[PDB]
Amino acid sequence: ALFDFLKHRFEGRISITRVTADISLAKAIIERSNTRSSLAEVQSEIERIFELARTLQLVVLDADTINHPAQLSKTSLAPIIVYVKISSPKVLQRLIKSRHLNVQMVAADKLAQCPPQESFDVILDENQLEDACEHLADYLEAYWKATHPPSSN
Amino acid sequence: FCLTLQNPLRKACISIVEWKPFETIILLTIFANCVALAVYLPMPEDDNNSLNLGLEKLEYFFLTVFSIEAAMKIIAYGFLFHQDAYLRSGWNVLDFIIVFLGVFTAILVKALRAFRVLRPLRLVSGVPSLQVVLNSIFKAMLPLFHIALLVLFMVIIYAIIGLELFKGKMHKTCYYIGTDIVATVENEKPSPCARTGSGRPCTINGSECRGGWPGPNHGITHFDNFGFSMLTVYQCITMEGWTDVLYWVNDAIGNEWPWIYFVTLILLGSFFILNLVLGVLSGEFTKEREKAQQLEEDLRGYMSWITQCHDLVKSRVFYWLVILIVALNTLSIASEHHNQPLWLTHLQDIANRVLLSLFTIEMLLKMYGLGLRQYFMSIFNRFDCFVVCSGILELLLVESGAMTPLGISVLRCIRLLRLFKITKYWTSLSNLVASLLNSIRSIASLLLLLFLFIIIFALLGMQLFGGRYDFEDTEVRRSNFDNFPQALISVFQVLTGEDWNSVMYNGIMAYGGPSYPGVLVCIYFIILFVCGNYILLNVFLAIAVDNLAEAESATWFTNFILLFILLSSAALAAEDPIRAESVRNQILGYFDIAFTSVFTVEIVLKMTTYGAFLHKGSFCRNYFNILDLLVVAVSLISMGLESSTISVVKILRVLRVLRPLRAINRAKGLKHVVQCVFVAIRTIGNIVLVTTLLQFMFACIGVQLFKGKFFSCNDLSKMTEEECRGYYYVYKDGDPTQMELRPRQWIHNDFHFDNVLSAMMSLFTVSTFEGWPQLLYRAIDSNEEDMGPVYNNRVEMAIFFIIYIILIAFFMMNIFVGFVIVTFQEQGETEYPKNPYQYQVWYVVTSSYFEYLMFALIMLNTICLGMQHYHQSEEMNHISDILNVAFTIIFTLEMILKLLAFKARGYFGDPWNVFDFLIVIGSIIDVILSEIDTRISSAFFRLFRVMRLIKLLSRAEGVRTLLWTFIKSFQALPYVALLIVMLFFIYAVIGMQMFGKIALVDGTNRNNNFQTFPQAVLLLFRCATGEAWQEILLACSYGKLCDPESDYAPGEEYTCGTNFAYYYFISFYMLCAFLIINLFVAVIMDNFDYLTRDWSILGXXXXXXXXXXXXXXXXXXXXXXXXXXXXXXXXXXXXXX
Ligand SMILES: [Ca+2]
């Protein structure tokens, strides 16, 4: 739903794209992933990001494996991490029950531990779609103003 | 401990009583008591009786049941059982019932019936937590006791003082002589206080009508007995009707300074009730000093998160940006209603069909809101209905989608309730309002106990006053407990403190007038609001906590000239000169002379001040001056003074006082309270808006429910305010042999609800707690369009006034609390030898065995003062002379004794002794004046003889010290008082000509004339007290003809000499209100900000006792170790304490 907002609002600018490879894997025996996600494919996806960012269009990845910001710390990509906060574990308990919960609790409790000041640029702790979307959209507009000075054109 | 005790069946029956059901039975049968009695009150009127006549057995039924529970009490714990409080009172009531009907059986009186009303308290007795509540209320009374006595002290001190001059006036009030048209001279020999009346004459006869009584016709208030003076002092303390005491006394010699007495009395009763408020708030700070949902919200909001053709409407559930812009458009729609709620209402009496097509617009707004609720229904279906507010607003818009049906026009009036939907805005303010309402859940129980006190007092009242009720001649009688609801409205009346007085003088008058048993009836009212208002005062503390819980949550040469200190010194002499000149102008007649030089002076000061503005303006002001209050004040001083006398009224001379006011800024102490005030108005502005909106709400309520009403006739005997015409009899008193014609009818009832503006008008009057019941009562005479009558028609309407008043009891009460809290933070911001025989006599006197002796002497003097009955004739008077001689000799003797001591220090040293010396002096002087009697000022000297009582206060240690706290407190706030004078000092003069020449008569404007300046100070002083101002306001809308002896106008007269000027009184009440608010905060910061802490210390530590320890240190020297040894005994003794 968040990518839906980012897409319909940032139409003609945003360039959301899926990344099947695990970009966190990216960094005299040659290094090789033991995972099915081969490092060379990861290098290819990183080059695809280098090409996609060349157009100076907005980019918002939909990476699957990236459950925590720290994984991307080794990446040269310098991702704009977003933090959709749920401070209360019991709430997310009732949420996931409302429809694998325990590992979801360890993970959410893990993301609760993280330092907001550095690990995350934005905290989507807002409950309703409207206000949260207004915040993240205003943020992306701020970054958009930051990346596109008048002198460039 | 128990008693007797037995096994067998008793333990089994007790085990049965240990169960459960019996409780509910006793409680519900108590409820049966409440109901049966509430009915039983209806009616009475001595004998007759009706339905209750059968209930008469039923109380025996309750009797035997409760008595069976007493048989259970035999199985309880006997003497051990007595220890419980609730059980104690229960057993007590049991005795009252046993003795009750036990006496009743022999009868085969009414006091027993009075004892019947004791039952309801048992309802509290059965209820848990109410015991916690009352155990809480009892704790509150202790930290107040001193002041209570002080009140009583004043109540005594003024009484004894009243038991002199006013007793000297008791010689006046008790009698009169007069004749002819009621034009006998006031206050100049052969003159007397008059009965109120619309005319007053008092047939007696005594020539052509008498002319002066007030001890019974006015009711008891006479100063004769000490008791009645104690009474009149109570009502005068109540700040209710007291001014009539003044105009009475003043009617009969004279306008010296009775006013000094009443003003000191009012101001002090004010002072110390404010101190009561301080004690309560002190309890608040006491409890709070140590006293100092997100999960579920996340749950609901994130479930809403996961929750996220008709499908296009589902896209419309979030879409789009226009939904924001549409809200701006929505502001228009409700706005159309904002006028319509008035427009459908306006005007009245079928005048002006303003809703010529407004109904279609109402249908249109209903269509828009219905479209919104429908699209919202499309947004999430049942989930949209899951929120109660959405279905509520939808049900409202659907309610507007209904029809003209039916006969209940109040359903059409619910459209005004539909206007509440417009209150949906105001972001965050609603949350604060929720914080406000949350307190109600806490205070509600205590409110219920208040309802209970109201209940018992009401019923007992019904069986007392209304338990006789009857009073032949001559209306309106008003409320008089003739029926249960009547007693409700009237108990709630005196509870307000509004005009309870007249109720009471129906009370005592009901028992055949004053004597010995009937006067005792007075005690009820004294028991009543004095505790009842106290209960209200108690209510403050509740809010006081709850609210704090939220708080817990070559131009350079001229530059040298203006900046020169010498120029400021010439400005200072100019200040004293212009002040002396304006003070010279304070009299109205000063302009008649050569005031022009003073105008030149004020012109010079205005010139130097505007020049100061010119100096500051050149140094980075302007926009800063637009920001700064001061330079803007000076520039505004420059422009506003320049306003022309032509086109829109102005008077430059009145501004002459203003020029020195800037010097008040140099004082810093005012700035703290002022900054506190500006911080305060911002702190609770939203509440003010809420109140005003309530004004709108009840406005809309009253208009579309009362508009046809109130167009009163004379009397009820005309009904149709159009059938009214021509003359109309008035029979004086009651006898049908004293007719007087009158071209009567119709009546506008002074406060139409023909208009929502007029609604703001009258509703403010009831907001004042002043004069409303009259409006209430005539509101109860309402029916249809042009008709009044009758008696108790349409009683349901009475429910309304009360309801609104109840809300006034909330937010107003909240308002005052708000200030306090900031101050509490502001306080936190504030926190940021002998020789020879003389050696012998000194030893004898210093021992202070005489202290108890002299104390007893003083008290005996007090009782000798209690002797003061001014009946007839003499004998005892000479005795009183002998007594005064006795005490004066004893006292002067004693002062001689003290004189035989330090002498050089006995004549001073400790100051009260000097005061005592003063006492001896005035005493002896007055005695000699008595010797010379073989003169009027001698009364003023006998005052000094009365002043002795104060010496009792001198003995009142750990009490007078609190007054010393008041003393240290007294100084700093005084600066505000000048403004408190000035606010009058301006407006009075501002009014002195404008409302001047209103003619003396007999309206609200006689002995209360607006003429000379000081009397104007008074008439503006009544308004400070909430004393029937509205009537005075009503007089001023058009008034009478000049002073009927002044320059008048020309041939013109016809009462044309006065015109509309509501703004003056209306604004003044508010200015007075805010200024007094400032008085509160000033007193608080200068006293309780320390003094409440002083209560906390005196109640726990020993900061006060330490001074006494220093007094022990007096009996010593200054070292060395030997001093430590000599003081070792007193030291070893002291530490144990
Ligand atoms: Ca009053």
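Protein chains in written order, with the deposited numbering: chain B, 248 to 274, 285 to 356, 363 to 416; chain A, 32 to 139, 161 to 344, 357 to 372, 425 to 669, 798 to 1076, 1103 to 1204, 1229 to 1298, 1301 to 1433. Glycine included, every Cβ here is placed at the ideal spot set by N, Cα and C.
CA-to-CA, the gap between residue 615 (chain A) and residue 292 (chain A) works out to about 7 Å. An exposed status is given to residue 1345 (chain A), since fewer than 16 other beta-carbon atoms sit within 10 Å of its beta-carbon.
In summary, residue 161 (chain A) is exposed, with fewer than 16 beta-carbon neighbours lying within 10 Å of its beta-carbon over all protein chains present. For residue 370 (chain B), there are no C-beta contacts with chain A under 7 Å, since the nearest C-beta of that chain is about 16 Å from it. At a cut-off of 8 Å, the beta-carbon of residue 1056 (chain A) does not count as near ligand 1: no heavy atom of the ligand is closer than that. Against chain A, the CB of residue 295 (chain B) has no partner CB under 9 Å away; the residue lies outside that interface.
A distance criterion of 8 Å places the beta-carbon of residue 85 (chain A) beyond contact range of ligand 1, judged by its closest non-hydrogen atom. Under the DSSP assignment, residue 666 (chain A) falls in the alpha helix (DSSP H) whose first and last residues are 639–668.
By the rule that beta-carbons nearer than 9 Å mark a contact, residue 369 (chain A) touches chain B. Chain A places no beta carbon closer than 9 Å to that of residue 254 (chain B), leaving this residue out of the contacts. DSSP places residue 90 (chain A) in the helix class (H, G or I) of the three-state scheme. Rounded to whole angstroms, the gap between the alpha carbons of residue 475 (chain A) and residue 520 (chain A) is 10 Å. Checking the 8 Å criterion, the Cβ of residue 321 (chain A) is out of range of every heavy atom belonging to ligand 1. Distances taken from the Cβ of residue 613 (chain A) to the heavy atoms of ligand 1 include one shorter than 8 Å.
When only Cα atoms are considered, residue 1154 (chain A) and residue 1131 (chain A) end up about 8 Å apart. Taking a contact as a CB-CB distance under 8 Å, the pair residue 1354 (chain A) and residue 1368 (chain A) does not count as one, their CB atoms being some 22 Å apart. In this structure, residue 1361 (chain A) has its beta carbon at no less than 8 Å from each heavy atom of ligand 1. Secondary structure of residue 983 (chain A) (DSSP, three-state): strand. Between residue 581 (chain A) and residue 613 (chain A), the C-beta spacing is not below 9 Å.
Residue 1256 (chain A) has its alpha-carbon roughly 37 Å from the corresponding atom of residue 1010 (chain A). Residue 321 (chain A) sits buried, since 16 or more C-beta atoms from the chains shown fall within 10 Å of its C-beta. With respect to chain B, the C-beta atom of residue 359 (chain A) has a partner C-beta closer than 9 Å. In this structure, the beta-carbon distance from residue 595 (chain A) to residue 1021 (chain A) falls below 9 Å.
Contact between the region 359–368 of chain A and the region 341–356 of chain B is present, with at least three C-beta pairs closer than 8 Å. Within the model, the alpha-carbon separation for residue 251 (chain B) versus residue 431 (chain A) is close to 12 Å. For residue 248 (chain B), the closest Cβ of chain A is nearer than 9 Å. The three-state reading of DSSP puts residue 315 (chain B) in strand, counting E and B together. Contact note: residue 344 (chain B) reaches chain A through 358, 359 and 362, using a C-beta cutoff of 9 Å and chain order. One thing to note: residue 1359 (chain A) has its Cβ no nearer than 9 Å to the Cβ of residue 1285 (chain A). When distances are taken from the beta-carbon of residue 314 (chain A) to the heavy atoms of ligand 1, even the shortest one reaches 8 Å or more. A distance below 9 Å separates the beta carbons of residue 1067 (chain A) and residue 1377 (chain A). Using a Cβ-Cβ cut-off of 9 Å, residue 392 (chain B) counts as an interface residue toward chain A, since at least one Cβ of chain A sits closer than that to its own. Less than 9 Å separates the beta-carbon of residue 268 (chain A) from that of residue 629 (chain A). Under DSSP, residue 339 (chain B) shares a beta bridge with B:385. By the criterion of a C-beta distance shorter than 7 Å, residue 1003 (chain A) is surrounded in its chain by 943, 946, 947 and 997, once the five residues flanking it on both sides are discounted.
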